[PDB]
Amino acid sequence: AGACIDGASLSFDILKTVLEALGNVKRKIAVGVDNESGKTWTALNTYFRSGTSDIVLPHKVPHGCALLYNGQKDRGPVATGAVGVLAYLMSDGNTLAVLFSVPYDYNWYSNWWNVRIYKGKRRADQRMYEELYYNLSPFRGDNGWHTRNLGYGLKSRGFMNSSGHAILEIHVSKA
């Protein structure tokens, strides 16, 4: 049920179009992850600290394919954002985890994102969220591209804007 587009076609416009497809809520995010790691990824699970998603992770992501995912704040006057982690098991047996954080209150928080490869199979949970958010140098949603050596012969290059209607674009390629 998850859309896997051609890797080379992933763009900011694709993600903005994904945002429009979701309801008109104050906080939501469109995520695009381009797999050019040379290895196939199999969806593990997702962990949402805040907010939810009306879809599921694309089960299988071959090399050359970009998964499209999305999330949103729960509807209602309550002050909640869209905060979560998605995890993918790679063919080498390691875990590629991605954190996205789209807060409600911009006086108290900023958009943050992070990506990391853990050794072995590790499901996304609150422990991984806390680690990726506070301890593992997340990147701020600042409209900038940032490169992060992931280890294991792979690198990441991603972008995330600074507004509630956020888009997060990540490319995982060989180092």
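In case it trips you up, residue 1 is the first one in the sequence shown, and so on.
- The mean C-alpha temperature factor is higher for 119-127 when 32-40 and 119-127 are set side by side.
- Averaged over their C-alpha atoms, the temperature factors of 134-142 and 52-60 are higher for 52-60.
- Out of 114, 45, 70, 110, the entry records its largest CA B-factor for 45.
- Out of 153, 164, 23, 158, the entry records its largest CA B-factor for 23.
- Placement of the Cα temperature factor of residue 95 within the chain: middle third of the modelled residues, per the deposited record.
- The entry lists a Cα temperature factor for residue 79 that places it in the highest third of the chain's modelled residues.
- The deposited CA B-factor of residue 8 belongs to the middle third of values across its chain.
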